[PDB]
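Chemist: here are the coordinates; sequence isn't available:
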RNA sequence: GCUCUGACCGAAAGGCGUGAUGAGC
């Protein structure tokens, strides 16, 4: 995954919360995809463990939900407007960014073809 | 120990989304 396309996602995410709705933390993120409410899922690459966020990759591709990998969990942290680093996040409501997001959805899907 | 909740607990230092708090089992 790109670092250029990565800064984009974080941007969307940080604003997405201003209008739409976002879920922060592996626990809520997982339960989000399991309930088909995961528009997009963010995953940090710098996790401790691994065994703590490893299940997500699979669950998304099988739930037909897009997942994006990000460099630092701290970045995913300040994006979510949280104080503690976040290891994973899932946006459940695109909000007033929907369209602006749908484009990002394809850029990732067009990264695995 | 787990389930649900999901942002606070603390005088402070600090400790929490790798899960504060509060239900339950």
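Modeler: Right, received. Where do you want to start? Residues are numbered from 1 along each chain as shown, chains lettered A, B, ... in the order given.

Chemist: Get me the contact residues on chain A for RNA strand B.
Modeler: A:24-29, A:31, A:46-49, A:52, A:73, A:82-88 (CB under 7 Å from any atom of the strand). For every residue, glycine as well, the C-beta is placed using N, CA and C.

Chemist: if we go to 10 Å?
Modeler: A:22-32, A:34-35, A:43-44, A:46-53, A:72-74, A:76-77, A:80-90 (CB under 10 Å from any atom of the strand).

Chemist: quick one, longest helix in chain A?
Modeler: helix A:4-19 (DSSP state H).

Chemist: Name the residues of that helix that come out as buried.
Modeler: For helix A:4-19, burial by neighbour count (16 or more other CB atoms under 10 Å) applies to A:6, A:9, A:10, A:12, A:13, A:16, A:17.

Chemist: just to revisit the earlier point, and the residues of chain A next to RNA strand B, which of them are in strands?
Modeler: The members of these that map onto strands under DSSP state E are A:22, A:23, A:24, A:43, A:44, A:88, A:89, A:90.
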